[PDB]
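>>> Give the three-dimensional model of this entry:
(11 chains, ligands or ions: 11)
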Amino acid sequence: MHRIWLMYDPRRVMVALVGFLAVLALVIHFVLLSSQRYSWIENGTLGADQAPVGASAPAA
Amino acid sequence: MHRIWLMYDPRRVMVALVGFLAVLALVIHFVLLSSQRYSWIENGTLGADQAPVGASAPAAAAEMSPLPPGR
Amino acid sequence: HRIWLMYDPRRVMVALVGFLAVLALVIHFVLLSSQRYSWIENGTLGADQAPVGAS
Amino acid sequence: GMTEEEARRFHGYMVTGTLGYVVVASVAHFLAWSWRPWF
Amino acid sequence: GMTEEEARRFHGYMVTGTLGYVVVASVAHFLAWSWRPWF
Amino acid sequence: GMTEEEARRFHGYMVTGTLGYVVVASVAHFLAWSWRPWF
Amino acid sequence: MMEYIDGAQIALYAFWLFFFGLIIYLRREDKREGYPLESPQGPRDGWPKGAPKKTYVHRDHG
Amino acid sequence: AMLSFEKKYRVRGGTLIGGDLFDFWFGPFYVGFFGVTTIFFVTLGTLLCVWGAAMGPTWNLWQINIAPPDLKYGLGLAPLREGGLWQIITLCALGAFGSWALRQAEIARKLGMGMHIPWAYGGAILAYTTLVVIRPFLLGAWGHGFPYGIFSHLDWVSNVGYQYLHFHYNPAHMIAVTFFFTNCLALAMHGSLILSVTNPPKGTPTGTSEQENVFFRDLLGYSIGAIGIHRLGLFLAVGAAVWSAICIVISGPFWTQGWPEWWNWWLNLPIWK
Amino acid sequence: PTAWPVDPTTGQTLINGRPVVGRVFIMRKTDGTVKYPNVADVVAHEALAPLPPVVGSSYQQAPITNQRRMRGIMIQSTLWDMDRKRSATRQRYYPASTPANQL
Amino acid sequence: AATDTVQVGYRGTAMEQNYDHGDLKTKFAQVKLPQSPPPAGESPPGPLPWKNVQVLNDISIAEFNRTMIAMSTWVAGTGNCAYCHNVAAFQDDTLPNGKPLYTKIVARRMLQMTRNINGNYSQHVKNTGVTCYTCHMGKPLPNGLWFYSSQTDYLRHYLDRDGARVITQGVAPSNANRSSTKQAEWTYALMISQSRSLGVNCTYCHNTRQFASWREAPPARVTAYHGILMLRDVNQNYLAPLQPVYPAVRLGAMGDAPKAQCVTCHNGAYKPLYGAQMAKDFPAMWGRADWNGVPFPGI
Amino acid sequence: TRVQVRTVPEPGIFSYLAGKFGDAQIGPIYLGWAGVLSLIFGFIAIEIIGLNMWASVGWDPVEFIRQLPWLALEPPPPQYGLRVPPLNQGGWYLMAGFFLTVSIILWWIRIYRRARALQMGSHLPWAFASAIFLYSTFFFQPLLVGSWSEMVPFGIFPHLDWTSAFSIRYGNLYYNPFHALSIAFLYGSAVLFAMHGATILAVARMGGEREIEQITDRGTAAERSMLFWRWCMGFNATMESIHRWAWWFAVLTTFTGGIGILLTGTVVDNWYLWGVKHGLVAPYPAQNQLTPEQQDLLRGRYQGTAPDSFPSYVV
Ligand SMILES: CCCCCCCCCCCCCC(=O)OC[C@H](COP(=O)(O)OCC(O)COP(=O)(O)OC[C@@H](COC(=O)CCCCCCCCCCCCC)OC(=O)CCCCCCCCCCCCC)OC(=O)CCCCCCCCCCCCC
Ligand code: BCL
Ligand SMILES: CC[C@H]1c2cc3[nH]c4c(c3C)C(=O)[C@H](C(=O)OC)c4c3nc(cc4[nH]c(cc(n2)[C@@H]1C)c(C(C)=O)c4C)[C@@H](C)[C@@H]3CCC(=O)OC/C=C(\C)CCC[C@H](C)CCC[C@H](C)CCCC(C)C
Ligand SMILES: CC[C@H]1c2cc3[nH]c4c(c3C)C(=O)[C@H](C(=O)OC)c4c3nc(cc4[nH]c(cc(n2)[C@@H]1C)c(C(C)=O)c4C)[C@@H](C)[C@@H]3CCC(=O)OC/C=C(\C)CCC[C@H](C)CCC[C@H](C)CCCC(C)C
Ligand SMILES: *[C@H]1O[C@H](CO)[C@@H](O[C@@H]2O[C@@H](C)[C@H](O)[C@@H](O)[C@H]2O)[C@H](O)[C@@H]1O[C@H]1O[C@H](C(=O)O)[C@@H](O[C@H]2O[C@H](CO)[C@@H](O)[C@H](O)[C@H]2NC(C)=O)[C@H](OC(C)=O)[C@H]1OC(C)=O
Ligand SMILES: *[C@H]1O[C@H](CO)[C@@H](O[C@@H]2O[C@@H](C)[C@H](O)[C@@H](O)[C@H]2O)[C@H](O)[C@@H]1O[C@H]1O[C@H](C(=O)O)[C@@H](O[C@H]2O[C@H](CO)[C@@H](O)[C@H](O)[C@H]2NC(C)=O)[C@H](OC(C)=O)[C@H]1OC(C)=O
Ligand SMILES: COC(C)(C)C/C=C/C(C)=C/C=C/C(C=O)=C/C=C/C(C)=C/C=C/C=C(C)/C=C/C=C(\C)CC/C=C(C)/C=C/C=C(\C)C(=O)O
Ligand SMILES: COC(C)(C)C/C=C/C(C)=C/C=C/C(C=O)=C/C=C/C(C)=C/C=C/C=C(C)/C=C/C=C(\C)CC/C=C(C)/C=C/C=C(\C)C(=O)O
Ligand SMILES: COC(C)(C)C/C=C/C(C)=C/C=C/C(C=O)=C/C=C/C(C)=C/C=C/C=C(C)/C=C/C=C(\C)CC/C=C(C)/C=C/C=C(\C)C(=O)O
Ligand SMILES: COC(C)(C)C/C=C/C(C)=C/C=C/C(C)=C/C=C/C(C)=C/C=C\C=C(C)\C=C\C=C(C)\C=C\C=C(C)\C=C\CC(C)(C)OC
Ligand SMILES: [Fe+3]
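Residues are numbered from 1 along each chain as shown, chains lettered A, B, ... in the order given. Ligands and ions are numbered 1, 2, ... in the order given. Here you go:
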């Protein structure tokens, strides 16, 4: 499978890879930080049972 | 069917394909995340019987209206 | 059919695929916006429970 | 560019792909119909 | 340009990679359906 | 342009770095799951 | 005193007289090339009559 | 009548549709097939405007007001006195404006010019089509179009702005305004530089490209070049209309709150939430 | 008087004493709009002119803790309705300030 | 993702209200589903037994009991008579400790306030009227509470200030109007608050070609002006004088009592509770001899 | 494209000439004495504005960036009229306005001197003078109505708040005929530069962008430009005179604008009622009708002073 590095230049791809991973990681952390459930800077010391949960269906 | 690659440049097809799949994956995840039933970050721990379901119909009192009167 | 001699298959293939993708997305978003077929929220309802427009 | 022999063989797989797509779509519609009919 | 020698080998990688991806996605849907089915 | 000798040596590092990254991320997810599971 | 006349109306008609004067000026400038017009009935100037062709002098390097 | 150099250029060819059938002039005007369709749409649309004035309360030029239909008619053609007349005039306007752009393309082709002018004018047609077609269609009623009346359409602009409480806060509107203001500065600057080299003070040689390049560099701190200033002017003027089209199409179809509270995303960036 | 007389025998409208064949309607311009005569007529349909303002005789300064740091007049609607960050909210007013001998 | 639009003015003027359809359905469902159901009436005979009833003198004993069930539902939770009372002695205005039952003291004033709203401000609340639920929503604290802050806070338009006009009713400048552009900014800030409080835009009450005009404005502008006069009465005569009654946790930094504003009833809707009509079911609160022709069931 | 030339010795006889065109020095970006003073005065104006904005968030550098477009340096209170106000209540405002105004005038002198040194016509400083004229009406109109409170606050969204409130106070600026004219020239400036930019790019293949050559020695690029517009709309400019149309449309934007501002609050206090008087206002059917009791009930008060006390209501 290393023949793929005869098609694509490692110089171009490794920059594009690091860029994509850095952007994806940062997007996920800020999505979680904005949530109630995972606002870990304020609430990280709460136990799992104490952490927020979104509203269930009432079904009635 | 491999003759399709004689028509379309394989090196370029991979870039187009991955780009399409990346967009589609993000679109479906954000659609689901925006829904009530699949807002999994807040409500992922709910059981399948406790997760939201859309209404069989909405309801109202006869004198209530969501919109102001107009013309 | 000789029709591929008139029109470049290398173009028609891309134009067809693009047309089908646009049509498919339009129909899904039309249905997703409806009441009866908003399947992400209400897909688990049975057919006799699902919304119906006024008589 | 194109030839009649290329047109013939291209048409073969093109008809095959179209049938395959129409088969899958027909199954998808009949699944959707069974779940929530629109008539 | 592209050769028949390249094309038939490349088609092997594309088809296998496509089917592998679709198989992984099939398991992801098996997991998702088990957790919160949508019909 | 690159030789296959270099491509061999590159791919070894590339795949090994991918594995190391996947390993760390797996420990990170299990720590996060143990702390506050999302299902 | 004058009810209907007011300073904003006075100012506006002063602008209109200036502005039509300016359009006439600009149309004279627009006719320094290509005029008088040819026609089957002979030469034509339109209106307003154009300003004359203009000769340019260039900086002497001799 | 013809310019003293014109006759040489009046050849056949460069038409798009009509062949040689309409490939002629009428005074200064080139006709062509889209000349014929232009005058048709212009005449029909204007006479229906005059009819709308006649059935309206006054002939005062400023006060004439052909209004669109009520929103209850949705995307149907309303009764003509109830706003269906506005809908016919709108079709005539689109026919005229489209015909005008295609006629310009025939004229440019006949002269061996690039198509820059038709495409630049397309930026204005886009903004008009956004106001009377695209935004009303996305809102679901033709009644969202602006009325045809010299001041009554300014009442529409006023009320649309205040539908969003404080329309200055619309971010695409801020960009569009910046393009309009920068365009007018750039036009004053370019116009002044050409005139001041070609009209130096009395008793002075005619200026040069080098002088306007020197002065322009003192003004902005870089030299734009002769083609660059015309690219800039086209970019600014057309970009203004395109950002105008964006700013109105997002108001209603996509955003429905006050525009000030759109800025809530900036106040909530996580570095300073 | 809003309609012409009707002949009770035929049911026809009578205009200036003579019948009209047809169903008579009163003509009006588009939606009954009428040109505005003048400013005085427009003002005759409005409320009366507003009463004179209530202006204070003299000015008493608020405590410094009630004085806004931001003098922009619309800030309470354009920003503070939506902004409720704690630190920014504290910066809105001047802090307490006391002569050192009074501490 | 569709937009609902309501036309509120003439063709082509763009006097229109726009609503995001998904958001509005959500807000509407979150009113209907929590909307409290009213218990049915009765008509018994006889003289009144009460020891310390001062406002509700004029209704039957059954109507009185039904009212107390409504108040607890609307302010405290459906059974929570302990929120206001020493349950051993409903007539008490004090705890066994002697300390006053401040919630009962406030609630007695809130009854007089509600009758005053429904009786004297019918030009605003018409036949919809208000009940305790309109502000309280089933909770002790309404929304939109406000306190003294700075001198230029526009919410004092609803307390001690008068006068928002800035436009001249004539062509030429005069000494009659010396309004500043800053004063126009202050009215503009005030008017954004009212627009937001109802979930409407400026065209709901104005033709913005002339904000001063009443003839060109929808009739809602006249209702809005009576809302201002009503809030001044409500704030000055009922909410603000309760300053000595509350515990200090309820008071502002200046020690002032909490005051109301348009959003307190309207909660972002063009009518409170989208125009749900509850006051007609509770004669204890009418302050009128009849509600929409239905006569008051006196004693 | 993508065959750029690069010139190592000095073009003008990448790089640039150090030399003279007579009185005019070439090389550095020209300031002269007027340019240097303009930058000093203007820098102090910018500093006063920014330091006042930053002080208004209590020196908090995070809030200074976060809230930046809402921050203002705000004009004096109305009751001071034209008197000097307290430093914290508009004294810094008038000081920044003064130094900004001096800086602008010194920049005009800098441009005027440079045009003369390069032996060019005076067209650019008179175009800039039209913009300065409009700017100065934001001083003269507050002066003519008699209060510095009416001046424009320094601030991104705050000056837009003023722009809306000015139109509100004076009864809808759409009916100001000089505002309407100013818009016609603003739009016309976009029409002209779109048309002209597209025209010159459409003949650039034929050397049409060498406009000075085309003015002095008319080529086929000029002839085709003239014939396109003559054939399109029945009349045409010349390669020179299109720049006069351009110049006047830009200049008339701010000139007619300035007259519209000077008339506002001095001659006309309600432009919509001026529009009614002069027949500009289209009629609509009445949306409401007041009874005679409501005409007295619904008149308000003119806005007064803010309450300077916190009343108790002890009752
Ligand atoms: C005048 C004394 C008082 C003065 C004080 C008040 C007015 C001040 C302005 C005076 C300007 C000159 C008027 C004039 O006579 O022009 C003759 C000339 C024609 O070209 P020419 O070179 O001069 O002559 C050649 C021709 O004589 C012989 O050749 P040929 O025989 O082949 O030509 C056929 C002729 C027939 O002649 C006519 O038909 C004359 C038509 C004049 C129409 C003017 C209408 C104005 C009112 C419109 C009200 C609206 C009706 C809907 O020539 C033609 O085919 C005509 C070609 C010109 C077509 C013009 C199209 C409309 C121009 C814009 C209209 C205004 C838009 C706001 O036509 C033109 O150049 C007209 C266009 C120039 C002015 C454009 C100004 C635009 C300003 C826009 C900014 C407005 C901001 C508020
Ligand atoms: C609700 C808001 C009101 C309104 C209120 C106003 C007001 C108030 C004014 C305008 C003005 C203008 N309006 Mg209006 N306007 C409205 C609706 C519109 C609409 C529309 C589609 O609805 C449009 C297109 C316009 C268009 C225009 C322009 C024609 C005109 C400004 C010309 C110009 O170039 O200014 C931009 C140019 C300048 C400001 C000149 C600046 C020159 C100086 C020398 C630059 C110095 C730079 C300095 C050194 C840089 C450092 C500074 C420091 C950072 C501080 N208005 C509505 C009705 N409008 C102006 C006018 O002329 O009115 C008659 C004006 O004062
Ligand atoms: C895209 C950038 C800017 C732009 C550019 C631009 N405009 C252009 C061009 C270009 C490049 C042309 O080539 C073209 C031209 O030929 O100019 C002389 C044109 C043009 N720009 C025009 C006007 C114009 N452009 C405007 C705007 C702009 N033009 C943009 C800001 C405006 C504005 C903002 O108000 C106006 C009024 C024309 C002079 C001309 C197009 C002429 C044309 O289309 O002619 C055929 C049609 C008629 C002669 C009349 C049609 C009559 C209708 C059938 C009935 C009336 C309907 C109408 C909707 C009524 C409106 C009433 C109003 C009171 C509301
Ligand atoms: C015809 C009308 C249009 C118009 C025209 C126009 N404007 C013009 C001109 C023209 C013809 C100029 O020639 C002139 C110019 O210079 O253009 C580049 C200008 C100009 N138009 C400007 C702006 C402008 N024009 C506008 C509008 C308009 N301009 C109209 C649309 C607007 C709007 C829409 O609001 C703005 C904001 C400026 C860019 C410029 C005038 C510049 C000027 O006067 O600057 C004065 C100085 C300062 C602001 C101070 C700067 C301070 C530094 C940042 C500090 C750095 C430190 C310093 C080095 C310290 C000192 C040390 C010393 C030892 C040096
Ligand atoms: C709270 O206090 C009020 C009076 O302040 C009591 O109200 C009673 O019923 C009213 C209809 C009547 O108008 C009023 O006079 C009074 O009779 C209410 O019931 C609550 O009572 C308890 O607290 C009383 C209080 O005032 O503090 C307390 O009264 C006694 O003690 C105080 C000193 O703490 C003394 O000043 C009183 O004279 C004294 N009064 C009596 C009658 O004893 C009540 O004590 C008793 C036994 O009544 C308290 O009641 C109870 C059950 O705890
Ligand atoms: C505190 O005082 C200020 C300044 O008087 C009041 O502000 C006035 O009313 C505002 C609505 C308006 O915006 C502002 O321009 C100004 O005119 C503010 O409302 C507070 O009012 C109370 O205190 C007033 C006060 O000045 O002390 C008092 O006024 C009355 O008494 C003073 C003497 O103490 C006398 O100078 C005033 O002429 C007199 N005014 C009236 C109308 O009687 C208020 O009393 C009354 C009845 O208004 C106080 O109001 C209340 C409810 O406590
Ligand atoms: C409001 O609107 C509402 C109501 C919402 C909506 C309205 C909807 C409406 C009106 C819809 C109309 C739909 C429609 C009408 O016709 C739709 C028509 C659809 C059609 C025709 C689909 C056809 C699909 C065909 C496919 C997928 C073909 C695949 C081919 C393959 C895979 C072969 C690939 C390439 C090869 C083999 C070449 C290599 C060999 C080479 C080179 C060699 O051998 O050399
Ligand atoms: C919100 O919900 C809405 C959106 C509304 C709902 C609707 C959604 C809709 C309509 C969805 C439609 C989806 C769709 C439709 O077709 C989706 C189609 C998806 C497809 C086709 C996926 C295909 C994936 C293929 C992959 C991954 C291939 C990988 C190949 C690999 C790894 C090989 C690499 C080897 C190399 C390079 C070596 C070459 C040889 C060399 C070098 C040598 O030999 O030298
Ligand atoms: C909020 O919920 C939302 C987010 C919305 C839900 C959606 C989520 C979605 C869609 C997620 C998508 C995930 C994804 C998709 O692709 C994820 C894919 C991730 C991938 C591919 C990770 C790969 C990592 C690889 C790494 C780190 C490699 C490191 C290599 C090293 C260390 C080697 C260094 C040494 C070298 C090179 C020496 C060379 C030798 C040389 C030169 C010599 O010897 O000469
Ligand atoms: C440490 O350095 C820092 C970090 C602080 C530097 C950073 C500074 C920053 C960030 C500055 C930001 C500035 C911004 C964003 C400014 C925005 C300005 C805007 C948008 C202004 C818009 C309009 C303003 C107008 C029209 C103002 C006009 C004022 C006039 C005409 C005033 C004239 C005054 C005169 C002529 C005279 C006054 C003195 C008299 C004669 C009256 O005597 C008292
Ligand atoms: Fe040019």
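
>>> Please identify the helix or strand for the closest residue to residue I:73 other than its chain neighbours.
Distance criterion Cβ to Cβ, 6 or more residues apart in numbering or on different chains; nearest residue to residue I:73, sequence neighbours excluded, is residue J:185 at 3.8 Å. C-beta coordinates here come from the backbone N, C-alpha and C atoms, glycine included. Per DSSP states H and E: residue J:185 is located in helix J:181-198.

>>> after that helix comes which helix or strand?
Using DSSP H and E, the helix or strand that follows helix J:181-198 towards the C-terminus is helix J:220-234.

>>> Give me the contact list for that following helix.
Outside of helix J:220-234, the residues within contact range by Cβ atoms under 8 Å, 6 or more residues apart in numbering or on different chains are J:8, J:113, J:116-117, J:120-121, J:123-124, J:157-159, J:194, J:204-206, J:214, J:260-262, K:288, K:290, K:294, K:298.

>>> That one close to ligand 6?
No. Helix J:220-234 lies out of reach of ligand 6 by Cβ under 6 Å from any ligand atom, never closer than 10.1 Å.

>>> Buried residues, that helix. List them.
J:220-222, J:224-232, J:234 (16 or more other Cβ atoms under 10 Å in any protein chain shown).

>>> by contact count, what packs against the helix holding residue J:185?
Under the contact criterion of 3 or more Cβ pairs under 8 Å, 6 or more residues apart in numbering or on different chains; DSSP states H and E, helix J:181-198 touches helix I:75-78, helix J:262-266, helix K:156-169.

>>> The residue nearest to residue I:73 contacts residue I:75, doesn't it?
No. Using Cβ atoms under 8 Å, residue J:185 is not in contact with residue I:75, being 9.9 Å away.

>>> list the contacts for the residue at minimal distance from the centre of chain H?
When Cα atoms, centre = their mean is applied to chain H, the residue found nearest the centroid is residue H:124 (2.6 Å). Residues near residue H:124 by Cβ under 8 Å, 6+ apart: H:97, H:241, K:194.

>>> please redo it, this time with the cut-off set to 7 Å
residue H:241 (Cβ atoms under 7 Å, 6 or more residues apart in numbering or on different chains).

>>> Check which helix or strand it maps to.
Per DSSP H and E: helix H:116-129 holds residue H:124.

>>> Give me the distance between the next helix or strand after that helix and the centre of its chain.
As assigned by DSSP H and E, the chain's next helix or strand after helix H:116-129 is helix H:135-139. Per Cα atoms, centre = their mean, to the nearest Å, the displacement of helix H:135-139 from the mean C-alpha position of its chain is 19 Å.

>>> Now tell me what touches helix H:135-139 from outside.
H:75, H:142, H:144, H:145, H:248, H:249, H:252, H:253, J:3, J:5.

>>> Now do the helix or strand harbouring residue K:243 against helix K:156-169, angle only.
Here residue K:243 is covered by helix K:241-263, with elements defined by DSSP H and E. In terms of direction (axes from the mean of the first three to the mean of the last three Cα atoms, to 10 degrees), helix K:241-263 departs from helix K:156-169 by 70 degrees.

>>> Could I get the full set of strands for chain I?
Counting by DSSP state E, one finds strands in chain I at the ranges I:14-15, I:18-19.

>>> Next: the stretch 1-150 of chain J.
Using DSSP state E, counting those that start in this stretch, the strands of the stretch 1-150 of chain J run over J:3-7, J:16-20.

>>> What residues of the first one count as buried?
For strand J:3-7, burial by neighbour count (16+ other Cβ under 10 Å) applies to J:3, J:4, J:5, J:6, J:7.

>>> any idea how far the residue in chain I positioned nearest to chain B lies from residue H:82?
With Cβ to the nearest Cβ as the measure, residue I:31 is the residue of chain I nearest to chain B, at 12.2 Å. Going from residue I:31 to residue H:82 by Cβ to Cβ, to the nearest Å gives 8 Å.

>>> Buried among the contacts of helix J:220-234? Need that as a selection in ChimeraX.
Here is the ChimeraX selection string for the buried members of the contacts of helix J:220-234, based on 16+ other Cβ under 10 Å:
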select /J:8,113,116,117,121,124,157,158,159,194,204,205,206,214,260,261,262 /K:288,290,294,298
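
>>> re earlier: which residues touch the helix holding residue J:185?
With Cβ under 7 Å, 6+ apart, helix J:181-198 has contacts from H:165-166, I:73-74, I:76-77, J:154, J:157, J:164, J:166, J:201-202, J:224, J:261-263, J:266, J:268-270, K:78, K:149-150, K:161-162, K:164-166, K:168-169, K:303.

>>> Stretch J:131-148 too?
J:36, J:71, J:74-75, J:110, J:114, J:155, J:252-254, J:256, J:258-261, J:263-265, J:267, J:272-273, J:278-279, J:282, J:285, K:310.

>>> switch the cut-off to 6 Å
J:71, J:74-75, J:155, J:252, J:254, J:256, J:258-259, J:261, J:263-265, J:267, J:272, J:278-279, J:285, K:310 (Cβ atoms under 6 Å, 6 or more residues apart in numbering or on different chains).

>>> Ok, stretch K:225-245 next?
G:26, G:29-30, G:32-33, H:9, H:28-30, H:104, H:107, H:111, H:191, H:194-195, H:198, K:196, K:199, K:203, K:211, K:214-215, K:222.

>>> Check the offset of it from the chain's centre.
Centre-to-centre, stretch K:225-245 and its host chain are 29 Å apart (Cα atoms, centre = their mean).

>>> Could you tell me the end-to-end distance of it?
Start-to-end span of stretch K:225-245 (Cα to Cα, to the nearest Å) is 15 Å.

>>> That stretch and ligand 4 in contact?
No. Using Cβ under 6 Å from any ligand atom, stretch K:225-245 never reaches ligand 4; the gap is at least 13.3 Å.
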